[PDB]
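[1] What would the 3D arrangement of this be:
(9 chains, ligands or ions: 20)
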Amino acid sequence: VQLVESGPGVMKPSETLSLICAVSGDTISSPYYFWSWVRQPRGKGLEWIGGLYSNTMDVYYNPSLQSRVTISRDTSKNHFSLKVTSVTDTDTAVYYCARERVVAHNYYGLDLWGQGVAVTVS
Amino acid sequence: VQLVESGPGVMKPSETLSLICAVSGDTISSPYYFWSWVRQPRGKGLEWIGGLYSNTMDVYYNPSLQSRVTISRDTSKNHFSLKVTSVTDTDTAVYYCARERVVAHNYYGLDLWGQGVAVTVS
Amino acid sequence: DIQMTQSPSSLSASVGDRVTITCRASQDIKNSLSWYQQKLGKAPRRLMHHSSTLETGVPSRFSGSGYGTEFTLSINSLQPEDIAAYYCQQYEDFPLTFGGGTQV
Amino acid sequence: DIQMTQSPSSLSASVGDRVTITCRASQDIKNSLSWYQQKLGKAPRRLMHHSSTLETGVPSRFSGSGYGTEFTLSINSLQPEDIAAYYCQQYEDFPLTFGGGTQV
Amino acid sequence: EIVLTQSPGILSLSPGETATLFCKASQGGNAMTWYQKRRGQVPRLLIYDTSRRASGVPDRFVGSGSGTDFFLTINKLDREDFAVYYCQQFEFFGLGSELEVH
Amino acid sequence: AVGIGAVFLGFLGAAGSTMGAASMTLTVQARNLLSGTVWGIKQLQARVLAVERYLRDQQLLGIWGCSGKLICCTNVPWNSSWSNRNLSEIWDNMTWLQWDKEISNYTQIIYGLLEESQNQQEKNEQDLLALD
Amino acid sequence: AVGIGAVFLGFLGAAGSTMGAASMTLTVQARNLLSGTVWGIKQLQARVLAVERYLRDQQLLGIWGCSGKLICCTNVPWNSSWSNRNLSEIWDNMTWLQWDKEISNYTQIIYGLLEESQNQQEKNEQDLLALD
Amino acid sequence: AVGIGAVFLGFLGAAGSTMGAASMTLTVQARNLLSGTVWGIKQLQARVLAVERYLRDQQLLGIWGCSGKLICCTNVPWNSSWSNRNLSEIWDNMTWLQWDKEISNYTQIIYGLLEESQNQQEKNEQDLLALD
Amino acid sequence: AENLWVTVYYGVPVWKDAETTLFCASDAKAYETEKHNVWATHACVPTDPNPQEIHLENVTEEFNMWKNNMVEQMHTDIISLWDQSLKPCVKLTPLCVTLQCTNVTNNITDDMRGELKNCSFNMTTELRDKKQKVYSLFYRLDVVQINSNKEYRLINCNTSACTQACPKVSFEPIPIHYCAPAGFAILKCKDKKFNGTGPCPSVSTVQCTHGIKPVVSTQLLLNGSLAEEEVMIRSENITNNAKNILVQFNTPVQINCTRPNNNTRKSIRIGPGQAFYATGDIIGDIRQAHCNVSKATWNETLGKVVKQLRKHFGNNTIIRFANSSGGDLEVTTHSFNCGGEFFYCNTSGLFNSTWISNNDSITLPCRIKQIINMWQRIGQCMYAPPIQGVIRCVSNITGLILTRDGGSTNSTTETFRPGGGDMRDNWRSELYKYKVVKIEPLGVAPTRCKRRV
Ligand SMILES: *[C@@H]1O[C@H](CO)[C@@H](O[C@@H]2O[C@H](CO)[C@@H](O[C@@H]3O[C@H](CO[C@H]4O[C@H](CO)[C@@H](O)[C@H](O)[C@@H]4O)[C@@H](O)[C@H](O[C@H]4O[C@H](CO)[C@@H](O)[C@H](O)[C@@H]4O[C@H]4O[C@H](CO)[C@@H](O)[C@H](O)[C@@H]4O)[C@@H]3O)[C@H](O)[C@H]2NC(C)=O)[C@H](O)[C@H]1NC(C)=O
Ligand SMILES: *[C@@H]1O[C@H](CO)[C@@H](O[C@@H]2O[C@H](CO)[C@@H](O[C@@H]3O[C@H](CO[C@H]4O[C@H](CO)[C@@H](O)[C@H](O)[C@@H]4O)[C@@H](O)[C@H](O[C@H]4O[C@H](CO)[C@@H](O)[C@H](O)[C@@H]4O)[C@@H]3O)[C@H](O)[C@H]2NC(C)=O)[C@H](O)[C@H]1NC(C)=O
Ligand SMILES: *[C@@H]1O[C@H](CO)[C@@H](O[C@@H]2O[C@H](CO)[C@@H](O[C@@H]3O[C@H](CO[C@H]4O[C@H](CO)[C@@H](O)[C@H](O)[C@@H]4O)[C@@H](O)[C@H](O[C@H]4O[C@H](CO)[C@@H](O)[C@H](O)[C@@H]4O)[C@@H]3O)[C@H](O)[C@H]2NC(C)=O)[C@H](O)[C@H]1NC(C)=O
Ligand SMILES: *[C@@H]1O[C@H](CO)[C@@H](O[C@@H]2O[C@H](CO)[C@@H](O[C@@H]3O[C@H](CO)[C@@H](O)[C@H](O[C@H]4O[C@H](CO)[C@@H](O)[C@H](O)[C@@H]4O)[C@@H]3O)[C@H](O)[C@H]2NC(C)=O)[C@H](O)[C@H]1NC(C)=O
Ligand SMILES: *[C@@H]1O[C@H](CO)[C@@H](O[C@@H]2O[C@H](CO)[C@@H](O[C@@H]3O[C@H](CO)[C@@H](O)[C@H](O[C@H]4O[C@H](CO)[C@@H](O)[C@H](O)[C@@H]4O)[C@@H]3O)[C@H](O)[C@H]2NC(C)=O)[C@H](O)[C@H]1NC(C)=O
Ligand SMILES: *[C@@H]1O[C@H](CO)[C@@H](O[C@@H]2O[C@H](CO)[C@@H](O[C@@H]3O[C@H](CO)[C@@H](O)[C@H](O)[C@@H]3O)[C@H](O)[C@H]2NC(C)=O)[C@H](O)[C@H]1NC(C)=O
Ligand SMILES: *[C@@H]1O[C@H](CO)[C@@H](O[C@@H]2O[C@H](CO)[C@@H](O[C@@H]3O[C@H](CO)[C@@H](O)[C@H](O)[C@@H]3O)[C@H](O)[C@H]2NC(C)=O)[C@H](O)[C@H]1NC(C)=O
Ligand SMILES: *[C@@H]1O[C@H](CO)[C@@H](O[C@@H]2O[C@H](CO)[C@@H](O)[C@H](O)[C@H]2NC(C)=O)[C@H](O)[C@H]1NC(C)=O
Ligand SMILES: *[C@@H]1O[C@H](CO)[C@@H](O[C@@H]2O[C@H](CO)[C@@H](O)[C@H](O)[C@H]2NC(C)=O)[C@H](O)[C@H]1NC(C)=O
Ligand SMILES: *[C@@H]1O[C@H](CO)[C@@H](O[C@@H]2O[C@H](CO)[C@@H](O)[C@H](O)[C@H]2NC(C)=O)[C@H](O)[C@H]1NC(C)=O
Ligand SMILES: *[C@@H]1O[C@H](CO)[C@@H](O[C@@H]2O[C@H](CO)[C@@H](O)[C@H](O)[C@H]2NC(C)=O)[C@H](O)[C@H]1NC(C)=O
Ligand SMILES: *[C@@H]1O[C@H](CO)[C@@H](O[C@@H]2O[C@H](CO)[C@@H](O)[C@H](O)[C@H]2NC(C)=O)[C@H](O)[C@H]1NC(C)=O
Ligand SMILES: *[C@@H]1O[C@H](CO)[C@@H](O[C@@H]2O[C@H](CO)[C@@H](O)[C@H](O)[C@H]2NC(C)=O)[C@H](O)[C@H]1NC(C)=O
Ligand SMILES: *[C@@H]1O[C@H](CO)[C@@H](O)[C@H](O)[C@H]1NC(C)=O
Ligand SMILES: *[C@@H]1O[C@H](CO)[C@@H](O)[C@H](O)[C@H]1NC(C)=O
Ligand SMILES: *[C@@H]1O[C@H](CO)[C@@H](O)[C@H](O)[C@H]1NC(C)=O
Ligand SMILES: *[C@@H]1O[C@H](CO)[C@@H](O)[C@H](O)[C@H]1NC(C)=O
Ligand SMILES: *[C@@H]1O[C@H](CO)[C@@H](O)[C@H](O)[C@H]1NC(C)=O
Ligand SMILES: *[C@@H]1O[C@H](CO)[C@@H](O)[C@H](O)[C@H]1NC(C)=O
Ligand SMILES: *[C@@H]1O[C@H](CO)[C@@H](O)[C@H](O)[C@H]1NC(C)=O
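    Numbers count the residues shown, from 1 in each chain, chains lettered A, B, ... in the order given. Ligands and ions are numbered 1, 2, ... in the order given. Please see the structure below:
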């Protein structure tokens, strides 16, 4: 089972950054798995964007970037999408989608990750 | 017109004490008559269990025995029932159903009474 | 919840006497007591409602008076069927509570 | 919102050493940090959840301790693949926040 | 298969009284049923599901019990009830308990 | 009192009493305002007419001086021209049925007066908790 | 905590926890009480049954000590005969499912006791804001 | 003012004014949210959609800092990243229609901060009225 | 202090057992081909995808499937939208005419009884004054002999004239996701070993249920949801021989069933716009339609159900299987749908073995009816029109329905006979895992806190 991301990276600022993360081998409708989008520009630290659970509705973000980012999730294509409107130059980064265990309800999970994709905004 | 009460009384403790009071000659659907269940063990005083009105819904008890006792009233058999669950040894008593006048609405009533049933619980 | 206390408790008087039984409450009721007379193994026959006016089928040899909290029963001519129990009972607020118990 | 601070920052040790990296929070978390190890251009491989019990697929050469707010990573036998990034991350309240960054 | 046994078999008693039949299934927890049958007529039901009587039968008949042990109580033995009485779960029946005028 | 000597606490139970007696039993008219082919359309429109009436009275109560308080004082004085009665004759002699006939002409001035009094008091609380 | 170490805040999400844990996540059972041919008659009677239940509970809440407050104290002391437990064993050991069985026989005395306590306190506030 | 010199108090009546003018006439948008074969099914689902929207807004109002208060302050401070405006340019120049587009991206964070502020303040009132 | 005080808490999660209505949901894929080509497309709404199934802890909920609700109202709901998919189709009251009818032109042998009757009759035309002589092929379970000359009539016409199915509407089951209205919740048990009643010690609350496909069968409930690892029986209770022991197994049995008689559809116009459909000519070679199952999977799955059926009856128990014993035609067979055709297949050749306590294919013949009388009402029939081509469909046998015979006085053989009977037990295996609850908030609990005056 591997998590494949997609999305080309070369764009213009104040525009439509869109990233897709999808699963191969299993499904996104498995219960109790923390989904996370976490970015990192090279030279700078690990920056947290988004995190939710697999089996509810209430979704969470970082408040310092919240007007720029939004997340989405659907199982008809098993897509896990990040949307950025009004991108600055401070989002040229590699990006990671992550499936983490919740540890009170799941001793038997596999802490899956994406490989990270590089988006460069001039 | 006479009230016939019924129910055998020789039972085991913490069980299903059930008493019936009924009317012969008249009906229980007559308006404005206070119904009462009042018990008395011999050697002890006159103890009040329950009292309601003939033509309402809201029902009243003594709060010190309220988890044990429940009352019921229905006119399709004209029954006026006392239900005691989880009895102690302090219910070995004679029991009286009573029909009393409300004195502001009824100058013409007959202040009726049950004959009293002795219930002995070992 | 309102407690009631009935005094005195145990009596044995001669014939033709006049006995008085008072009872007291825990808060002020001012108009609301009823008097009941219970013979041995029988249903209690009511003397009166509202402490000052009587029931039909009962003669004038019983009486009640008082106002407020302390009230008083008076029997002026004792008959031999009066060796029984008597009870004053409140009807101020739910639940109804009787007296302690007379033995006369 | 809860800030995290990770000390030290830039490290270079010899082989077979025992390195310790602590991190501190802004309010009391008492049970809640996870440790992640990220190599160059790769996905971060998690050391552990809940600061005292480990993940399968990772040996016993890593450890974490502490209680309350200040917590501490200890690597007792340094291997040559340890020149990478590490991060402690909170999960006390939303949002999750990582550490500063360990350049060992 | 599940075999029944009733406690009195033949009984020869007096009117006006109480009588407790007892039946004894061989595995417990059952749905107990009681039947009163006159000789040469239709058997009709007394008690379904161990406790509760039917409509139009007198309330002197009460069934009781639990587990593997079931009582059939009759209080104030009237003149009608000199009959036979059966107890059953589904596909078996008792031998037949008879209550007689003496 | 209660029981055998009771002016009756029933539904609409003391409607001819004096208003001092009807000032106690006041939840007994509030709690019986909810409960309750082609026939189910009639039943459905009965129940949604009931809860639309109850919601309009809760919203008309709420934007005056009380949220759900059921006994609610406010901050506008009482005029002599609406009643010209003393207090003792309306709390010791008069019934609520007659009171709703003595005031029917002076309705829809009291409600607009409550709305102005509550709206000016809300902006007074707004500026008083603003300026400190 | 939250996230990867969370006793789960979901709908009915902590229903087997201890009441100290379920004392926090309390709006999560409130806000999922509204949302939701011959078939539309069944659908509309489901939704008006839902809002009639919610209105009966808002009206039963409001005539006690709290309008919509969601955590609500009052002025009647707690009796020993209802529970006979200590505080620590119900806030540190017991679940709400078991608690609803333990006070199942002691319902419909507590609600009438709240009604008398709130009605007497409202008339106490009435006379106390009257006499000054 | 009113009458012949009035910015019009009607339904939606001052909707292009400055927010200081629309801070007065505020019940006029509240009270027109209630009123209002196969056709009766469409009519009844219109009215129960209306009262379901109104009940969801009353329940969303109530679990924040105000039950039905209609002007309602709270205890979370205002962030510069939401508007970066002065007070005078939004209370002396801007309209509510243009305000709702300026702060449309900053919704569903303010409601989360309202819920945490009210829930922590209610538990602060619980522990403050507990320990005394 | 020691005088604790009551607080009312709102929105305590507790639940109580209750009965209410439910509310449907389906996929988006059912609306792509649109507007009543299958039922319930104008009835109820599309779902939210990925049901928000959230597990609970330290809760024991008492489940029961036999006094359960919601399996009744699916049995009313399917019948109600079955009537709603049959109201606007054409009544076939002008069809009941005296038939003149013969054999189909076939090499008749004396032992095989002919399954086709070729009848010609009078029928009205579009103009009411002209009438036409038309011919059809009918199956012998739909034609009876009224009393040299052989004149026939349709079987329904001394009961009620009845309704053609429209060939717009299909018959394959789309899944239905059952889902909860506002103010109730649905609890799911998720144990493996779970036989119906008692405490389930791991529950999950869900928003909407999973995919349930309503597929009618009498014996052999097919396309059903499997178990987790073992083979489980379930019962109301086993020692009662009235309620059906229903058995559900893990690994399916693939069943191939087919009709090879190549059919031609023919339209006859009854009058104005009443396009009656009949069979036309039979081309190819006339055979008998039949079902097939593989031998080895049948032998091994029957070994697994006799292994898990021996646990309730002692280990020294001889268990054999017979076919059904009587009744009408819809309980001796297993009766099932395939692509718009009704099949009634005689399952004697499956349930016939004993067992002791120590390429390969089974065929079974199958008849074809056309007037059905679904759910055994009085004044209803659904006429299926016939479909082109060789009809072929595969399916998955999952669960069987077994009633015992009353084996008495000590001898340890206990026969089992399949016969389904009631329609609900092909749903109660599909819905044994949920119960509905009503949330009752406003708990009352003490604390050490008093309200300021
Ligand atoms: C238990 O579960 C199994 C698994 O699903 C199920 O088996 C399925 O049965 C259905 C029967 O309804 C089968 O569905 C039919 O399949 C054929 C062939 O489909 C294959 O080929 C097409 C290419 O043409 C592929 O796209 C497809 O993926 C398959 O590979 C179709 O021809 C059928 O469609 C016709 O019939 C429908 C019903 O009338 C019409 O709606 C549809 O539009 C098509 O109509 C055609 O025929 C009409 C008359 O002949 C004509 O008028 C039209 O113009 C048009 O020509 C239908 O899709 C399905 O394939 C089976 N699954 C598998 C894997 O084989 C069992 O049925 C189920 N058990 C029960 C009891 O339900
Ligand atoms: C469900 O499915 C099963 C099998 O799939 C069916 O079971 C078999 O059904 C047949 C009847 O349909 C049973 O009977 C056998 O039929 C033979 C047919 O011969 C006919 O024709 C000759 C000449 O025309 C006549 O003489 C004869 O009487 C018949 O009219 C019989 O010949 C068979 O006879 C047997 O016994 C005699 C002596 O008793 C011998 O001479 C024969 O050689 C032969 O051994 C026989 O009677 C058959 O037995 C069934 N099988 C089993 C295993 O029992 C079910 O009928 C079917 N049910 C339904 C409802 O569909
Ligand atoms: C169910 O029962 C019905 C009866 O109601 C049968 O219908 C008839 O079946 C027979 C047998 O096929 C048909 O007879 C054949 O008719 C062919 C064409 O005739 C039609 O067209 C001519 C005009 O060209 C008309 O005059 C005539 O009336 C018909 O309308 C003939 O060509 C056939 O001749 C055969 O033999 C010659 C010998 O040289 C060959 O050269 C030919 O190729 C051919 O093989 C024959 O006479 C009859 O037409 C049918 N009637 C109708 C109304 O259809 C059904 O057959 C039966 N069902 C089944 C399934 O068999
Ligand atoms: C359908 O299935 C079974 C078998 O026919 C039957 O279930 C039985 O239920 C009762 C209780 O639900 C079980 O009884 C238990 O058994 C022990 C034996 O030691 C007893 O102590 C108890 O039985 C009595 O106790 C109850 C109080 O606890 C009484 O209220 C009651 O009357 C019982 O008689 C204990 O509960 C019993 O074991 C099962 N049987 C099996 C095989 O598990 C059920 O009643 C059947 N239903 C019908 C309609 O036939
Ligand atoms: C039903 O399930 C819930 C969900 O798990 C469960 O709540 C939690 O249970 C666990 C254990 O079952 C509790 O964890 C321990 O609790 C004990 C006493 O309660 C504490 O002493 C423990 O603290 C230890 O751990 C610390 C850090 O590891 C050490 O520093 C310390 O010295 C102790 O050794 C530990 O917390 C947990 O507390 C509860 N949760 C809450 C909020 O109380 C619940 O108990 C289950 N209910 C039943 C009836 O089984
Ligand atoms: C379709 O409709 C036609 C038209 O009615 C039917 O034809 C008619 O059938 C009747 C039988 O009830 C014939 O009556 C009989 O005629 C013979 C002589 O042919 C006579 O000897 C008998 O005593 C009897 O009266 C009638 O003649 C016939 N009509 C014509 C014009 O000949 C026909 O039966 C219907 N069915 C089919 C399959 O065609
Ligand atoms: C279930 O299996 C048994 C075991 O074979 C079936 O019993 C057999 O059924 C056939 C069909 O009825 C009997 O054949 C006879 O055929 C002639 C032909 O017309 C008929 O006239 C006879 O009356 C009889 O039907 C066969 O004798 C019979 N065997 C026994 C021992 O009775 C049974 O039919 C099967 N059940 C079903 C519904 O298929
Ligand atoms: C035409 O069909 C009839 C029945 O519709 C057949 O007639 C009889 O069928 C039974 C079968 O149950 C046989 O036992 C009889 O021997 C048949 N009778 C005759 C006279 O054959 C008939 O076989 C079919 N074919 C023909 C040419 O008439
Ligand atoms: C269904 O199975 C469960 C457990 O698998 C049974 O429940 C208990 O099983 C144990 C094991 O023998 C018994 O000791 C208990 O007495 C059973 N308890 C109860 C309440 O039954 C259960 O009996 C089975 N039920 C059926 C109908 O098969
Ligand atoms: C039912 O039919 C399917 C296909 O219609 C059969 O599956 C085939 O089985 C043969 C035998 O092993 C294989 O060679 C084919 O490759 C299979 N094809 C497919 C598409 O699966 C199936 O075997 C039939 N069932 C039975 C019991 O024979
Ligand atoms: C049903 O069972 C019977 C016996 O119980 C089977 O009949 C025997 O089948 C074997 C296998 O060929 C033969 O050797 C015997 O001679 C048969 N005996 C009789 C009396 O027929 C029968 O095969 C079974 N049915 C099916 C469809 O397998
Ligand atoms: C079943 O019948 C149909 C029609 O009766 C047959 O379809 C024909 O197939 C040939 C193949 O080339 C076509 O040329 C014809 O045009 C088709 N007929 C029609 C009317 O379109 C089909 O072959 C038959 N199937 C089998 C298995 O025999
Ligand atoms: C019928 O049985 C077959 C196998 O016996 C089932 O096929 C498997 O289904 C799962 C779920 O989609 C797939 O992951 C497997 O790959 C399938 N097996 C094969 C060999 O392809 C099938 O789902 C069952 N149900 C239906 C409706 O056909
Ligand atoms: C009564 O109202 C009128 C106008 O509304 C006013 O002029 C008058 O002063 C008022 N009197 C009192 C006593 O409020
Ligand atoms: C109030 O108005 C009615 C008519 O609306 C009138 O007849 C009546 O006289 C008025 N009341 C008084 C006290 O004048
Ligand atoms: C509990 O209630 C009863 C009557 O309701 C009362 O007599 C008793 O004093 C109460 N006890 C406490 C501790 O409140
Ligand atoms: C509460 O009532 C039930 C019956 O209503 C009774 O069985 C139970 O024993 C009571 N609870 C306690 C603690 O006695
Ligand atoms: C605004 O919000 C962010 C995070 O929500 C915080 O870091 C910042 O300090 C806030 N600023 C003000 C002025 O409130
Ligand atoms: C608010 O969001 C929209 C898109 O959702 C975006 O186009 C717009 O620029 C944002 N507003 C501001 C002030 O950036
Ligand atoms: C019957 O078989 C089971 C295993 O299937 C075994 O556990 C049990 O002990 C056996 N009983 C006897 C009496 O041999």
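[2] Next, count neighbours for residue 71.
    Just going to use chain A. Residue A:71 is flanked by 18 other residues according to other C-beta atoms under 10 Å in any protein chain shown. Bear in mind the C-beta positions are built from the backbone N, C-alpha and C, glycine included.
[3] wait, I meant chain I there
    18.
[4] Quick one: residues contacting it.
    Applying C-beta atoms under 8 Å, 6 or more residues apart in numbering or on different chains to residue I:71 gives the contacts I:65, I:424, I:427-428, I:431.
[5] Which ones among those residues also lie next to ligand 8?
    The subset of the contacts of residue I:71 within reach of ligand 8, by C-beta under 6 Å from any ligand atom, is empty.
[6] ok, is stretch A:56-73 in contact with chain G or not?
    Yes. Counting by C-beta under 8 Å from any C-beta of the partner chain, chain G has neighbours in stretch A:56-73: A:56, A:58.
[7] Buried residues of that stretch, list them for me.
    By neighbour count on 16 or more other C-beta atoms under 10 Å in any protein chain shown, the buried set for stretch A:56-73 is A:56, A:60-63, A:65-71, A:73.
[8] Run through the bridge partners of the nearest residue to residue A:117 once chain neighbours are set aside.
    Nearest non-adjacent residue to residue A:117, counting by C-beta to C-beta, 6 or more residues apart in numbering or on different chains: residue A:5, 4.7 Å away. Residue A:5 has the following beta-bridge partners by DSSP bridges: residue A:21.
[9] before we move on, the earlier item: looking at the contacts of residue I:71, spot the one nearest residue I:223.
    Closest to residue I:223 out of these is residue I:427 (12.6 Å), distances taken as C-beta to C-beta.
[10] got a list of what the closest one touches?
    I:71, I:74-75, I:212, I:214.
[11] And for stretch I:372-392, what's in contact with it?
    I:79, I:82, I:86, I:92, I:156, I:159-160, I:162-165, I:167, I:216, I:256-265, I:277-279, I:289, I:330, I:338-342, I:370-371, I:423.
[12] about what we covered before: buried subset of the contacts of residue I:71?
    Among those, those classed as buried by 16+ other C-beta under 10 Å are I:65, I:427-428, I:431.
[13] Tell me which two of those sit farthest apart.
    In the buried ones among the contacts of residue I:71, the most distant members under the criterion C-beta to C-beta are I:65 and I:427, with 10.8 Å between them.
[14] So which residues of chain F form strands?
    Read by DSSP state E, chain F holds no strands at all.
[15] Please enumerate the helices of it.
    F:19-22, F:39-62, F:88-91, F:96-102, F:110-128 (DSSP state H).
[16] For the residue in the stretch 1-150 of chain I that ligand 14 sits nearest to, what is the enclosing helix or strand?
    Per C-beta to the nearest ligand atom, the residue of the stretch 1-150 of chain I with the smallest distance to ligand 14 is residue I:8, at 41.5 Å. Element membership for residue I:8 (DSSP states H and E) is strand I:5-9.
[17] returning to what we had before: my guess is the residue of the stretch 1-150 of chain I closest to ligand 14 contacts residue G:111. True?
    No. Counting by C-beta atoms under 8 Å, residue I:8 stays clear of residue G:111, with 9.2 Å between them.
[18] More neighbours: which of those two?
    Applying other C-beta under 10 Å to residue I:8 and residue G:111 shows that residue I:8 carries more neighbours, namely 24 against 13.
[19] Identify the residues contacting the more buried one.
    G:61, G:64-66, G:72, G:74, G:114, I:442-444.
[20] tell me which of the contacts of residue I:71 is nearest to chain F?
    Comparing those against chain F with C-beta to the nearest C-beta places residue I:424 closest, at 25.5 Å.
[21] Tell me the spacing between the closest one and residue I:73.
    Separation of residue I:424 from residue I:73 (C-beta to C-beta, to the nearest Å): 11 Å.
[22] quick one, what contacts the residue nearest to residue F:7 when sequence neighbours are not counted?
    Once flanking residues are discounted, residue F:7 sits nearest to residue F:14: 5.4 Å by C-beta to C-beta, 6+ apart. Shown in contact with residue F:14 (C-beta under 8 Å, 6+ apart): F:7-8, F:21-22, F:25.
[23] do the same with residue I:242
    Counted by C-beta under 8 Å, 6+ apart, residue I:242 has contacts E:90, I:403.
[24] Quick check: which element contains it?
    Here residue I:242 is assigned to no helix or strand, by DSSP H and E.
[25] if I look at it, how far off is residue E:31?
    According to C-beta to C-beta, residue I:242 and residue E:31 sit 12 Å apart.
[26] For ligand 4, what's its nearest residue on chain I.
    In chain I, the residue that lies nearest ligand 4 is residue I:237 (3.1 Å; C-beta to the nearest ligand atom).
[27] Distance check, that residue against chain H.
    Separation of residue I:237 from chain H (C-beta to the nearest C-beta, to the nearest Å): 45 Å.
[28] hmm, back to that, for the residue nearest to residue A:117, what are its contacts?
    A:19-22, A:95, A:97, A:114-117.
[29] before we move on, back to that, the contacts of stretch I:372-392 in strands, which ones?
    Cross-referencing the contacts of stretch I:372-392 against strands under DSSP E gives I:163-164, I:256-259, I:265, I:277-279, I:342, I:371.
[30] Tell me which two in these are the farthest apart.
    Maximum pairwise distance among the ones in strands among the contacts of stretch I:372-392 (C-beta to C-beta): 31.5 Å, between I:163 and I:256.
[31] These two - which one has more neighbours?
    Shown here are residue I:163 and residue I:256; by other C-beta under 10 Å, residue I:163 has more neighbours (18 against 14).
[32] May I have the residues that are in contact with that one?
    Going by C-beta under 8 Å, 6+ apart, the list of residues near residue I:163 reads I:86, I:89-92, I:380-383.
[33] now swap in residue I:350 and tell me
    Applying C-beta under 8 Å, 6+ apart, we find residue I:350 in contact with I:293, I:298, I:362, I:364.
[34] ok, now with 10 Å
    Taking C-beta atoms under 10 Å, 6 or more residues apart in numbering or on different chains, we find residue I:350 in contact with I:219-220, I:253, I:291, I:293, I:298, I:302, I:321, I:323, I:334, I:362, I:364, I:397, I:400, I:418.
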